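1. Model the structure of this input:
(one chain, ligands or ions: 1)
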Amino acid sequence: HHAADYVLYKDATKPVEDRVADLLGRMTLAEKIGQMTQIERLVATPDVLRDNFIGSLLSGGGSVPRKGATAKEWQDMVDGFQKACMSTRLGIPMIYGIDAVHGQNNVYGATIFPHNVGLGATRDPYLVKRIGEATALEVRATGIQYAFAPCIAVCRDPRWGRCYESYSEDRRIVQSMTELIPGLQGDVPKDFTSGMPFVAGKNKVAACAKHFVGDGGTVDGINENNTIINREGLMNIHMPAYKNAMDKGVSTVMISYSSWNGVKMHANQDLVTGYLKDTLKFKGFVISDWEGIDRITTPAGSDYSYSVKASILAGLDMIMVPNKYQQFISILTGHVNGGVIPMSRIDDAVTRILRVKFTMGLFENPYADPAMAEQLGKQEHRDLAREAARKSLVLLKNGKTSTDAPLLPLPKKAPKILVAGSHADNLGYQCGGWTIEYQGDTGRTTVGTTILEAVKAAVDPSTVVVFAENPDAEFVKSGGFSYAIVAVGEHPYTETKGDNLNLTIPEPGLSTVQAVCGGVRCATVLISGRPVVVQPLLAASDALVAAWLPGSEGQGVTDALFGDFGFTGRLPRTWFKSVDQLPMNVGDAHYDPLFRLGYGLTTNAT
Ligand SMILES: CO[C@@H]1O[C@H](CO)[C@@H](O)[C@H](O)[C@H]1S[C@@H]1O[C@H](CO)[C@@H](O)[C@H](O)[C@H]1O
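-> Numbers count the residues shown, from 1 in each chain. Structure data below:
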């Protein structure tokens, strides 16, 4: 079609399937296996990318060009890698992926949205869509084209360290919140076939429905463990949102570390090929989790040859290696060379990978747009996060007796007020895991507004605001305070580090609440990724708010505390009386909740 050196796969006017087939037909085995390989930026160099025909890069949690890097530093990094991949014989661009799971959260100055559990409290799928949209822009600001989100796990036991990454214990809520997908990717056409991948263009990103399947059903909430449930329960609780994702054109699906009735998901051909590909008709690419194939065996890594065979025969298309690429490539090449893995399986994985890259426009815009850099941390996005944070708050108590004047909303004018607690002025704690570092961190880790900062920005100029992190009872009684706001809760955690069998917040937390509330009427703001033992905090407090992990915009908290808006959030999870009850979900025999799923008190705006 019209020049003498014309190559159909390079012609942007041709249909994606024709471009895929035309490119696939020219590729060597090495070129094919290279597409199937995703590596960490930490092991990538121009020569490694070129010589191994690498298909994809990622940043794992905390893998950044440097601390504090600007949006343009990210763009330059990603373009440097792309430049190498475009210099190969076939010039196939790489796709760069990152965990942008509550904003573009690895990046300094990125807007940090509430974590998923809080978003489930909003019951507002359109808000989540808009959060998708903002997140796509902030990811493209850094030159990155692919976000490992949404997590559509249905957490069935809050002892799990990733329970905050699940919108709800109720699959219906999780289903509703798959609107993140068309936020990230754009809306699919009227005509769209369910299971086809979609991304609108250069201002959107490929999404990833993760982690397939039953990641939130593991025994005792143990991370990466076994999920014991008949096919009917799997299909009724853990699967449904995957079908909503297919309907909205999710481009990729990541496989779970977890097992189903003892079968490693990363080795499960019946579910990956038989169900996801052959029954749901998924036509995007299937990606492993980080060393997910390694973890097929025990010990992990003990038979990498079998890891590669089992995973690729099960139907995985791209492997998140992410470090030992030479070994992965060498072993997979051996398997194809000895007939253990047929060419048809390679060609299917590469078809899927190229389908997503061509569909999303990556061959037409392989490089970053520097005009997008300024999207990072844009005030419109912070305003959105602030709206989400406010809508996520669940008011659990507002008055010790039914006859008390309701404490909330608090007045903005008062002579003197106290702000206290370990979580009142700690941005890191209010963001939780997957913020700047993998495990999150403490203190002023990025740009945002702590609860203390938000109180000071909200109150009348005549209101004196005193901060004390852990005041004693006498300090409070002697202080002349009108009221206190006290914020406490969980420390940041991610993944197995957050698996917790007792779910009691660290001290001092409760002790500070008791000392503050003992002296002056108090509003307790509980920061957590999940329900935690709360009766003692409730007993001390006039009012108590479950604020979850609200992110960078602390003003979302004060917007509701001071009555600019009313509380509307409703628990997206059951709140247990005791961890001995667990697991306990809306539906079981012994359903005896402290607060039932859907509970939440309200207030009216002042
Ligand atoms: C970088 O993510 C985590 O890093 C630690 C330490 O290097 C690993 O040992 C963990 O098992 C992974 S977990 C895995 O990471 C994916 C990529 O960051 C992520 O998308 C997925 O949701 C996680 O399960």
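
2. Got phi/psi on the residue of the stretch 101-250 of the chain found nearest the ligand?
-> Here the residue of the stretch 101-250 of the chain nearest the ligand is residue 148; by CB to the nearest ligand atom that distance is 3.9 Å. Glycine gets a C-beta too; all of them are placed from N, C-alpha and C. Torsion angles at residue 148 (phi, psi; degrees, to the nearest 10) stand at phi -80, psi 70.

3. State the number of residues packed around it.
-> Counted with other CB atoms under 10 Å, the neighbours of residue 148 add up to 24.

4. What's the nearest residue in the stretch 301-450 of the chain when you look at the ligand?
-> For the stretch 301-450 of the chain, CB to the nearest ligand atom, closest residue to the ligand: residue 438, 5.5 Å.

5. same deal with the stretch 201-350 of the chain?
-> Counting by CB to the nearest ligand atom, the stretch 201-350 of the chain gets nearest the ligand through residue 290, at 3.9 Å.

6. can you pull the contacts of that residue?
-> Residues near residue 290 by CB atoms under 8 Å, 6 or more residues apart in numbering: 60, 320, 322.

7. Residue 229 touches residue 217, doesn't it?
-> Yes. In this structure residue 229 lies within contact range of residue 217 using CB atoms under 8 Å: 5.6 Å.

8. who touches both of the two?
-> Counting by CB under 8 Å, 6+ apart, the residues touching both residue 229 and residue 217 are 237, 238.

9. between the two, who's got more neighbours?
-> residue 217 (26 against 17).

10. Run through the bridge partners of the closest residue to the more buried one other than its chain neighbours.
-> Residue nearest to residue 217 in three dimensions, not counting chain neighbours: residue 227, with 3.8 Å by CB to CB, 6 or more residues apart in numbering. Using DSSP bridges, the bridge partners assigned to residue 227 are residue 260.

11. From residue 21, how far out is the residue of the stretch 201-350 of the chain closest to the ligand?
-> 31 Å (CB to CB, to the nearest Å).

12. Find the nearest non-adjacent residue to residue 319, please.
-> Per CB to CB, 6+ apart, closest to residue 319 is residue 288, 4.9 Å.

13. Thought residue 255 was touching the one you found, still the case?
-> Yes. In this structure, residue 288 is within contact of residue 255 by CB under 8 Å, at 5.7 Å.

14. Check this protein for the residue nearest the ligand and tell me.
-> residue 60 (2.8 Å).

15. and the residue nearest the centre of the chain, what does it touch?
-> With distances taken as CA atoms, centre = their mean, the residue of the chain nearest its centroid is residue 101 (2.8 Å). Contacts for residue 101 were tallied using CB under 8 Å, 6+ apart; they are 115, 116, 147, 148, 149, 150, 151, 165, 434.

16. returning to that earlier point: and the residue of the stretch 301-450 of the chain closest to the ligand, what is it in contact with?
-> Residue 438 sits next to 60, 61, 62, 494, 495 when contact means CB under 8 Å, 6+ apart.

17. I'd like the secondary structure assignment at the second one, please.
-> Under DSSP: H, G, I helix; E, B strand; the rest coil, the three-state class of residue 61 is coil.

18. Could you verify my assumption that it touches residue 99?
-> Yes. With contact defined as CB under 8 Å, residue 61 reaches residue 99; the gap is 5.9 Å.

19. Looking at those two, which has the bigger crowd around it?
-> Using other CB under 10 Å as the criterion, residue 61 and residue 99 rank with residue 99 on top: 24 against 21.

20. gap between that one and residue 10?
-> Distance from residue 99 to residue 10, by CB to CB: 32 Å.

21. Then residue 564?
-> 54 Å.

22. before we move on, what about residue 245?
-> When distance is defined by CB to CB, residue 245 is 31 Å away from residue 10.
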